[PDB]
Structures are given as structure tokens and as C-alpha cells.
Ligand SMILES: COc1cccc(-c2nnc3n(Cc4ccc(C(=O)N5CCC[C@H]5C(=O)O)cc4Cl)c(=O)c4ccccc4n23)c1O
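In the block that follows, a single chain appears as C-alpha cells, in the form deposited without the ligand.
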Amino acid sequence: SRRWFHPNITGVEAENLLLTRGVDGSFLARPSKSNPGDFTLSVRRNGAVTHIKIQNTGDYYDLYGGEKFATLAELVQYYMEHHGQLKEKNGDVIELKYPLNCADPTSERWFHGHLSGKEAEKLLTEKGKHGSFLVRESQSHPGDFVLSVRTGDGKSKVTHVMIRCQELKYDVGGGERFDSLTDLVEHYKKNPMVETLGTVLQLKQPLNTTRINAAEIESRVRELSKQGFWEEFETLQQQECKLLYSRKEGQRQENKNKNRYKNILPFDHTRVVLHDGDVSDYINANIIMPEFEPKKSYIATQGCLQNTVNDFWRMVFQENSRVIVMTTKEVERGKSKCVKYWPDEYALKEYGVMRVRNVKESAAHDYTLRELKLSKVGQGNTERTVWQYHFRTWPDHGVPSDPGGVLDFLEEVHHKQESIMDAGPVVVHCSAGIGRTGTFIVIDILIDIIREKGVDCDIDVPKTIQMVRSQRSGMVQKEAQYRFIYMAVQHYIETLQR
């Protein structure tokens, strides 16, 4: 439902498109062909198109020479409405007014392309349930399309609705003619077709094409590497307009300086709220609570700023967290991604009301473990041990070339968490708390399913990531992190089968 994203036009085609069926204020987004992994926002201005470059780093999105953002959709939403203002060479505003929509269905979850009617029915027979649907290119073979829906031994059935494609518009056989399959699908999702005898063709969810058996990940990763990692990742990105929840508190003027990046904010419905303060209730952090159709939870947060060290420790104590995961080096590559928030070994420091004492550091190859004792000043007895696992060897660009460093790291983290009864959520941070942080948390979630349920269980990487992204914006930034997640689960899986 991210309709203004054109998954493969050329920037030249994007110009003529904006100049012919757009007006001043029209815009679209497309992936950059010249800068793989980055994006171009094309905008019509004074009857001319300008192209704004957006870099997707492993930590955020970077409007070149401007602000950083968690997702494309949050970036567009910012300028279309909430605050924003995007300015010219001098100081004249470039206004984003009118999304120019794309008709390409190839990235949509429900779209399957070349597919027979008997293979679709088998797919819906097998993995589907009530309301599961898919859209394939026409059997009876014209150049039309077929909507296959599963409704309802004979209690269930698959119904095939044909979709006419006539002079660049789509329909079933009566009613409205739509500019794209996506508009058609969204329309008849909201207004279900009814059969002559009353059967309601509800469209409740596209047929799941991404869930696999965990024991079978080696073959799926093979298929994905030959359908493929990039297409699967783009299909997930195409779902980000469903995740534009409000971030008002982080947007309050009093909280602006508590964000390392002003537009990378915690969702209100999941943010960590600091109690018993002096505002003083705000930290850029979200509970991540995995849910699927007794568990381990996480706090995803940014790296401390100088003025937020004390609230970070307020958070750790309040939430009874006993394990921190730091995914960024102590000295990175010149610019601070996190202010040091822990004492040196055998030292101790007060942080506001909070006292912490570094009891011991164990140096491993890929990480340092710091044993810290946190307590409220004046009230030793509120004291508890917090174990800081500082991951040291994550590369500065890209992901690690082997995930064995991360897996051993997370194994230690998991056993420590398990050793403390009723420990609160594991704290995880990186620079903005979404990219690297998102990668570590998703990996640990999937590995946890396999630890409980064993190797004969169902895992679904895109849906797990979408579930995480509804609790903090832009979790898991790039395709290389996405592949890393599959790779990490694979090597974990071929260690239990051993």
C-alpha cells in the first residue's frame, strides 16, 4: 500500500511521468539504479523535475545534505504534513504535495505472476486458510488476471474471479475500473464481493509465501540466493505505510534534545516511559515484545547522549533489566555513536540517583563482558547485577562475513538472561537503535523459537520483522542485514542438527 514507490522505472521515465500526468507538487520514489541500495525522490517544481538523493545506510535513511529518517514512508510523511519543510539551494521550499501512484503489482504480497489455476488451488489448499487470496496472470491464457480466494470435507473451497485488463485499467466484470490491481484488491478487500448464492469472498490476507520449516532453511536460502533475497526484502519494504504510528512525545519541544536524530523517534504506543522523575518521562526507547498468531522481550534504544546517560540508567533500573547488549565499538571511526555510560573496571560512578560499579571485565574475541552492579544511591538492597555484553567486532560497513561471532555472543546473552529469575527485557542499542539493533533482536527472536520448539518448527523472517517494525520504526535497515538474519538462522540450525 506504499503507492508512490515505483519499483523499477528509470529516472528519465520518472521525469516524463511527472511532467505528463503530474502537476507542480507531484512526486514519486524509486530505487536508485546508479547507487544500489539507495533511493531517489523525484519532485515536480516549476514545471521541472528535481531528484533528491536518499542514502539507505545500515543505521537510517539519509537525505543527502539534510535530515535522517527511520523509513522512506516516515520521510515522505514528514514533508507532506508533520513539520518537515524541504528547502532549495537558497531557501525556497520544495513541497511534496501529490503522490504519483504506480500500477506495478510485482512487489505486492498477494501477487504471484505466472501461475496455473491448479497450482494456485494446491497452494491455497495447502498453506491457506479462510480469506487467503492471491492474484495470478490469467489461465484460459489471455493477458488478464485471476483472483483466487479460499472461503469456508468440502467445507472449504477455492473461488476463481477473473480480472479483465482493458486499456490499462482493471476490473472483475462489472463496477469500477481501477488504475491498478492494488486499487482493485484494496477496493474489494474493503467491499467484499458476494456470490449469487450469498458466499462472501472475503480477502483477509494474501497467501503466505515466506514461512518455512526451520529444518529446511538450507534449501530456501539456496533458492533465495539463485524469488530471491532482494525481491523478498522489497516486498517487506512495500508494507511500511501500514506502520506510520504516532510519535508525538518524541516530537515535543522539551524532548527534542534527547534524540540523537530528531526524526528517529519511539512509537508512542510502545515507548519506555520513565516514572518517578523530578517532563523527565521520556527516553528514545521502545519495548519489543514478540507476538505470534513466558517469552523474552527486548528494549531497543539509541546510544546514550551526554544529557541522557542518567535517564538510560533510570530505564535500566525501572525495567529491572539485567542484560545490556551494545552493538557498536567503544572507539568507532572518528564520530561518537554512544557516550560511555559505564565506569572503568574496579571503578564506580554515580549517574544521578543511580550508582553503578564495574566489578569485572572478561575480554573475549568478539566482545567484552562487563559485570556491573546497579543500585539506587542511599538504598543498597535495590542493588542488582547488570551484565553488559559489548559486541566489539561488527564491521563499519556491511555485516560480518560469518555469523558465528554473533551466534556465540547471543548464546552467552541468552544464558545470562535465563540465569536470573524474572529479569526484565534485554536492552539493545546502537547509534539510532533501529538498524544493527533490529538485526540482533530479530535474530535472537528466531533462534528463541527454535530453542523452545526445536528444529521442526515454522519460522517466517519477513513477518517477524514486520511485527518488530510495528514496535519501533525501521527495524532492520538493509538487504545485507536481512540476508545476515537468514544466514545466522541457517548456521544455528545446522548446529542443533549436530
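Numbers for residues come from their place in the sequence shown, where the first is 1.
Classify the number of deposited-sequence residues missing from the model between residue 152 and residue 153: none, 1 to 3, 4 to 9, or 10 or more. Missing residues, residue 152 to residue 153: 4 to 9.
Going by the PDB record, how many residues of the deposited sequence fall between residue 226 and residue 227 without any coordinates: none, 1 to 3, 4 to 9, or 10 or more? Unmodelled stretch: 4 to 9 residues.
On average, which has the higher Cα B-factor in the deposited entry, 81 to 89 or 301 to 309? 81 to 89 has the higher mean C-alpha B-factor.
State which stretch shows the higher mean Cα B factor in the entry: 265 to 273 or 186 to 194. Averaged over C-alpha atoms, the B-factors run higher in 186 to 194.
Just grab whichever of 322, 397, 355, 390 has the top CA B-factor as deposited. The listed residue with the largest C-alpha B-factor is 397.
According to the Cα B-factor stored in this entry, which of the following is highest: 71, 132, 140, 238? Comparing C-alpha B-factors across 71, 132, 140, 238, the maximum falls on 140.
Consider only the C-alpha atoms of the modelled residues in this chain, order them by B-factor as the entry records it, and name the third containing residue 108: lowest, middle or highest. Lowest third, going by the recorded CA B-factors of the chain.
State the tercile, meaning the lowest, middle or highest third, of residue 173 with respect to the CA B-factors recorded for its chain. As the PDB entry reports it, the C-alpha B-factor of residue 173 lands in the highest third of its chain.
Among the modelled residues of this chain, does the Cα B factor of residue 371 put it in the lowest, middle or highest third? CA B-factor rank for residue 371: lowest third.
Would the CA B-factor of residue 341 place it in the lowest, middle or highest third of its chain? It falls in the bottom third of the chain.
Going by the entry, which third of its chain does the Cα temperature factor of residue 253 land in? CA B-factor rank for residue 253: highest third.
Beyond the structure shown, there is the form deposited with the ligand bound, which is absent from this document and is the topic of what follows.
Say the ligand is put on the shown chain the way it sits in the deposited bound form, by superposing the C-alphas near its site; is the site then open or blocked (3+ ligand atoms within 2.4 Å of backbone or C-beta)? Blocked: the placed ligand clashes with backbone or C-beta atoms.
Please tell me whether any heavy atom belonging to residue 247 falls inside 4.5 Å of a heavy atom of the ligand, as the geometry stands in the deposited bound form. Output for residue 247 is yes: heavy atoms within 4.5 Å of the ligand.
Is residue 265 close enough to touch the ligand in the deposited bound form, meaning at least one heavy atom pair within 4.5 Å? Contact with the ligand, yes.
Should residue 81 be counted as a contact of the ligand in the deposited bound form, where contact means heavy atoms within 4.5 Å? Yes, residue 81 sits close enough to the ligand in the deposited bound form that at least one of its heavy atoms falls within 4.5 Å.
Contact between residue 251 and the ligand in the deposited bound form at 4.5 Å, heavy atoms? Close contact exists here: in the deposited bound form, residue 251 approaches the ligand to within 4.5 Å, heavy atoms only.
Among 374 to 382, 299 to 307, 70 to 78, 185 to 193, the region lying within 4.5 Å of the ligand in the deposited bound form by heavy atom distance: Looking at the partner contacts, the answer comes out as 70 to 78.
Check each of 219, 85, 257, 362 and return the one that places a heavy atom within 4.5 angstroms of the ligand in the deposited bound form. For this set of options, the contacting one is 85.
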